[PDB]
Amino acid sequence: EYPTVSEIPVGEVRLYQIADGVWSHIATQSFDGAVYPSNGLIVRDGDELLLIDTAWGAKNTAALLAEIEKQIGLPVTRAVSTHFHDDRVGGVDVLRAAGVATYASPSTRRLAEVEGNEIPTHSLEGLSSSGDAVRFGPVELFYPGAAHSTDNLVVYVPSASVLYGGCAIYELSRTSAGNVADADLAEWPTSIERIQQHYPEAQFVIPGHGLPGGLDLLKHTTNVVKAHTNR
């Protein structure tokens, strides 16, 4: 049922409804000779929508907005990017031109500037220490510590028990580590443990790339990271 990388042409975006007022968005991109899928989230906020992450580039993000209008028909008023890589912030300028207020932590904004990626306009305060959580409308934002990147955030939707792990959480089909150039391998398992301790009630866990599962995705990611550490 959930769309896989093999079913989505690059340039098109699919929506997958998880619960009342909660969807993921799925897009694909060519990178380094291969095609990869990528996930983000959409959460209803009264008569408006909160977006988590772009759809990996300007063209995909324009298609994302069009697919939201077609399938949901409510305006995206705010967006949060969960780390500084281009699959999370590429398309921010499209969002801004459409009137969306774009947000990220100060860490993420700094790292995006250094890398030359697009920079969300607004700053999320209260997330600079491991274990910090803040409310953002219908979600909670959580900084678990450094993992896939030093700035990575996770997002929890309490009304639906949906945990969006972003790129700090791997899908089951990925059995070897991905791009870890910006990672903190030594801390990544401890950061995952903070996620488990804070959201032990989660029922639906979404990785940054690939198929959702349950909290077993956390143990899976720990296994893969530790195997890479022991290479």
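When you see a residue number, it is the position in the sequence shown, counting from 1. Each form is matched to the other, and the largest set of C-alpha atoms that superpose within 1.5 Å is called the rigid core.
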item	value
Of 28 to 36 and 43 to 51, which departs more from this form in 9 other deposited structures of this protein by CA RMS after core fitting	28 to 36
Residue range whose averaged C-alpha B-factor is higher in the record, 100 to 108 or 67 to 75	67 to 75
76 to 84 set against 91 to 99, stretch whose average Cα temperature factor tops the other in the entry	91 to 99
Options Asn179, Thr54, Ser38, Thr190 - largest CA temperature factor per the record	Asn179
Modelled-residue ranking by C-alpha temperature factor, third containing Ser159	highest
Chain-wide C-alpha B factor ranking for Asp132, given as lowest, middle or highest third	middle
Record-listed C-alpha B factor of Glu140: chain third	lowest
Third of the chain's Cα B-factor distribution that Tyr170 belongs to, per the entry	lowest
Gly126 - which third its CA temperature factor falls in, relative to the rest of the chain	middle
